[PDB]
Amino acid sequence: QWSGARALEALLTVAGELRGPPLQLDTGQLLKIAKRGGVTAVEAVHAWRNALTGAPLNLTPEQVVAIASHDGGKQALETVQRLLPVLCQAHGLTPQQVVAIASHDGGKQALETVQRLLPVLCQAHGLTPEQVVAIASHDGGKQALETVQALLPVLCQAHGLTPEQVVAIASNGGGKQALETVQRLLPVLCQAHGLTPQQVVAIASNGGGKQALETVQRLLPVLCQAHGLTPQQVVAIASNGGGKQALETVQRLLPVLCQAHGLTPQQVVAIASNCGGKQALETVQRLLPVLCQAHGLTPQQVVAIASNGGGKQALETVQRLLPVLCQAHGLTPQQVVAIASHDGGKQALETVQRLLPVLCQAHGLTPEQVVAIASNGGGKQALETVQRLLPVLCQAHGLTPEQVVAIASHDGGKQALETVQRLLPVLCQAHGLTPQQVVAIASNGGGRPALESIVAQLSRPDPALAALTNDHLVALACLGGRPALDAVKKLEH
DNA sequence: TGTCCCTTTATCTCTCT
DNA sequence: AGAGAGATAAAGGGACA
């Protein structure tokens with residue numbers, strides 16, 4: 001018989017019992033733990049169910065799932081109940097920071113290394129606890145922390161990097177590898193190829209940073225004699241997760257795409273310059289004729305769709321959904337292109353296909369409004385949040401649909417909508433902002449932190465902002481969000 | 001296998017003027 | 001506002017005990 005059967009049965013028995021108190025996990029949460037943490041993680045969650053949820057630790061089930069759903073999840077669960085109080089009491093970290101550190105493969109190793117190295121990293125090396133947490137919060141966080149401890153001096157002194165740059169390089173999966181490669185390759189890239197340290201740090205500061213750096217060293221000459229690419233274009237392609245893959249694929253496909261479809265090298269670089277650029281490029285070579293055929297999409301529209309992260313997904317989804325969205329949902333092909341041309345275009349297109357009839361019929365929105373909400377990065381999230389929160393925002397908080405749509409229609413729309421729902425009453429009732437002022441602040445990218453910064457200044461007034469009236473703070477918050485507020489704070493000192 | 005570490009892709013959010 | 005920059009999660013494979 002199949003040898004996985006006993007383990008599967010074990011998995012399903014324990015999984016069954018976890019649906020009950022005190023965690024009450026659903027099918028999704030149970031699969032996710034089983035998929036990454038495996039059977040031992042599911043058993044560990046069960047064995048630890050009472051110790052984790054209530055006093056002292058008081059972790060939400062969602063936090064428990066976050067910790068359990070990684071390789072070594074059983075180890076991370078044991079370590080969190082042991083070290084969370086130690087790290088909160090003795091180093092001043094928050095439970096949320098400890099959970100963040102724990103929620104990666106080898107989370108045990110990261111937690112124990114933070115307990116061990118935070119004092120020396122902050123005292124002897126000048127890092128903040130926030131920076132130590134960022135470094136720790138990735139797979140291999142232990143390796144990254146130990147490599148920062150070892151290399152921070154030689155990187156700053158012998159190689160001229162700031163501590164901030166070292167931290168930025170370290171704060172990715174494989175960070176140890178990127179730091180070691182930057183040490184070796186910084187003078188080579190800078191002195192042989194005229195790259196600035198800032199450009200090298202940018203290439204290094206992604207997952208797989210080591211691979212992108214070595215690939216830049218290898219291919220920069222070939223790409224900048226043969227293909228007429230500039231160093232700046234090469235840097236841009238490499239300054240992204242999977243940079244190595246994008247760069248190699250640009251070498252392969254630049255002449256194919258230019259010659260066979262009349263794309264410019266500019267257009268090719270733009271397609272390549274996202275996570276998954278490799279995937280996007282290969283999909284363009286495949287699908288452009290299919291999309292542009294029989295007077296379909298234009299080349300220019302295909303380039304726009306492809307020129308975002310997940311371009312491959314967006315392209316394939318357009319091919320699938322253009323007819324059904326145009327025929328059945330009444331959208332123009334131009335509106336499908338708009339929705340598709342943002343990171344996560346696939347998700348937004350599918351969510352529009354699913355929610356356009358509902359938002360229109362149940363909530364009284366126009367298709368144009370649904371399209372505008374969808375046509376930003378994270379469009380799926382904004383659309384679902386509008387569906388969820390339109391009745392409460394309108395009926396309980398007195399906003400018009402138009403105001404809700406405005407808040408929703410920027411990157412981070414979901415966050416802005418949730419924060420408005422959260423903070424509208426204290427901003428208006430407790431501190432005298434008008435709803436229109438709250439809507440204005442929230443109706444920009446970064447609407448959520450801009451609102452939180454405002455609430456913070458009204459709730460725990462910093463003297464440095466006291467010379468500003470509420471109306472002035474509102475104007476600043478609309479002008480430049482949290483950063484403007486923070487900038488003003490510093491200017492005062 | 002279970003655990004740790006590294007890489008790639010996809011998605012989401014905020015910043016920068 | 002659209003280009004730039006940065007966070008996070010899923011998922012696969014090397015490595016090794």
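Letters A, B, ... mirror the listed sequences (proteins, then strands); counts begin at 1. Because only heavy atoms are used, hydrogens play no part in the values below, and waters and symmetry mates are left out as well, while side chains stay in.
Every residue meeting the side-chain hydrogen bond (donor to acceptor under 3.5 Å, both in side chains) condition with A:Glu402, not counting sequence neighbours, appears here in chain and number order: A:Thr400. Judged as a side chain to side chain contact (heavy atoms under 4.5 Å, CB included), and not counting sequence neighbours, the contacts of A:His46 are A:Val14, A:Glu17, A:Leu18, A:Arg49. Residues that satisfy the side chain to side chain contact (heavy atoms under 4.5 Å, CB included) test with A:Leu468, not counting sequence neighbours, are A:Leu465, A:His472, A:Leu473, A:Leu476, A:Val488. Scored by the side-chain hydrogen bond (donor to acceptor under 3.5 Å, both in side chains) test, A:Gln313 finds A:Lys346 as partners (sequence neighbours excluded). For A:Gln115, the side-chain hydrogen bond (donor to acceptor under 3.5 Å, both in side chains) partners two or more places apart in sequence, or in a different chain, are A:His91. Scored by the salt bridge (charged side-chain N to carboxylate O under 4.0 Å, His left out) test, A:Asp343 finds no partners at all (sequence neighbours excluded).
Near DNA chain B, meaning a heavy atom under 4.0 Å away, the residues from residues 478-493 of chain A are A:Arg482, A:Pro483. For the segment residues 443-454 of chain A, residues with any heavy atom less than 4.0 angstrom from an atom of DNA chain B are, sorted by number, A:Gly445, A:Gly446, A:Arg448, A:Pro449.
Rounded to whole Å, the distance from CD1 on A:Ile271 to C1' on B:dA10 is 17 Å. The CG atom of A:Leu179 sits 14 Å away from the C1' atom of B:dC6 (whole-angstrom rounding).
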Table of protein N/O atoms under 3.5 Å from nucleotides 3-5 of chain B N/O atoms:
| from | atom 1 | to | atom 2 | distance (Å) |
| --- | --- | --- | --- | --- |
| B:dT3 | OP1 | A:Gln75 | NE2 | 2.7 |
| B:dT3 | OP2 | A:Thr40 | OG1 | 3.1 |
| B:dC4 | OP1 | A:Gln109 | NE2 | 2.8 |
| B:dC4 | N4 | A:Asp71 | OD2 | 2.9 |
| B:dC5 | OP1 | A:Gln143 | NE2 | 2.9 |
| B:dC5 | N4 | A:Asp105 | OD2 | 2.9 |

Solution key, residues 298-311 of chain A side-chain donor-acceptor pairs under 3.5 Å, sequence neighbours excluded:
| from | atom 1 | to | atom 2 | distance (Å) |
| --- | --- | --- | --- | --- |
| A:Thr298 | OG1 | A:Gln300 | N | 3.3 |
| A:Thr298 | OG1 | A:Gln300 | OE1 | 3.2 |
| A:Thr298 | OG1 | A:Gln301 | N | 3.1 |
| A:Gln301 | OE1 | A:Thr298 | N | 3.0 |
| A:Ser307 | OG | A:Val303 | O | 2.5 |
| A:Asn308 | ND2 | A:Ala304 | O | 3.0 |
| A:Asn308 | ND2 | A:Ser341 | O | 3.3 |

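The stretch residues 480-493 of chain A participates, sequence neighbours left out, in these side chain to side chain donor-acceptor pair (under 3.5 Å) pairs: A:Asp462-A:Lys489.
No option in A:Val148, A:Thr113, A:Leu145 other than A:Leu145 meets the side chain to side chain contact (heavy atoms under 4.5 Å, CB included) test with A:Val132.
Counting heavy atoms from C-beta on, the side chains of A:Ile407 and A:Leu399 come closer than 4.5 Å.
Taking a heavy-atom distance under 4.0 Å as the criterion, the stretch of DNA chain C touched by chain A extends 5' to 3' from C:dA10 to C:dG13.
Under a 4.0 Å N-O distance rule, the pair A:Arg252/A:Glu282 qualifies as a salt bridge.
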Determine, step by step, whether A:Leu253 and A:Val284 satisfy the side-chain contact (heavy atoms from CB on, under 4.5 Å) criterion, reporting the C-alpha distance in whole Å, the side-chain angles of both residues, the deciding distance to 0.1 Å, and the verdict. CA-CA 10 Å; A:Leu253 298 191; A:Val284 166; over 6 Å; no
Please test A:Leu84 against A:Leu59 for side-chain contact (heavy atoms from CB on, under 4.5 Å), starting from the C-alpha separation and ending with a verdict. CA-CA 11 Å; A:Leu84 186 150; A:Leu59 294 178; 4.3 Å; yes
